[PDB]
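Student: Experimental structure and sequence below.
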Amino acid sequence: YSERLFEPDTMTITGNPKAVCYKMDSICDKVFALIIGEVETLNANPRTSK
C-alpha cells in the first residue's frame, strides 16, 4: 500500500538500440538531456560498460 509510484509513464526518446544521456538537465519549465551517442549491443550499463 505504502509506496507512491510512477504514472502512465512511458516516454521514450528517439528509441533505437538507445543510448545513454551523460547528463539530463533540469531548468524552469524546460528540462531535458543530451546523449553522447549509442552504447553498443541492445543492453549495456554505460557507467560500468564500455
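Tutor: Sure, I can see it. Numbering: from 1, shown residues only.
Student: ranges for the strands of this structure?
Tutor: Listed in chain order, the strands of the chain (DSSP state E) span 24-27, 30-33.
Student: name the helices or strands packed onto the first one?
Tutor: Think strand 24-27. Strand 24-27 is packed against strand 30-33, with contacts defined by 3 or more CB pairs under 8 Å, 6 or more residues apart in numbering; DSSP states H and E. Where you see a C-beta, it was placed from the backbone N, CA and C, and this is true even at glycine.
Student: tally of neighbours for residue 21?
Tutor: 13 (other CB atoms under 10 Å).
Student: And it, how close does it get to residue 31?
Tutor: 12 Å (CB to CB, to the nearest Å).
Student: how close does residue 49 sit to residue 16?
Tutor: Residue 49 sits 17 Å away from residue 16, going by CB to CB.
Student: My error: substitute residue 7 in the last question.
Tutor: 23 Å.
Student: Residue 33 against residue 25, yeah?
Tutor: Yes - counting by CB atoms under 8 Å, residue 25 is a contact partner of residue 33 at 6.4 Å.
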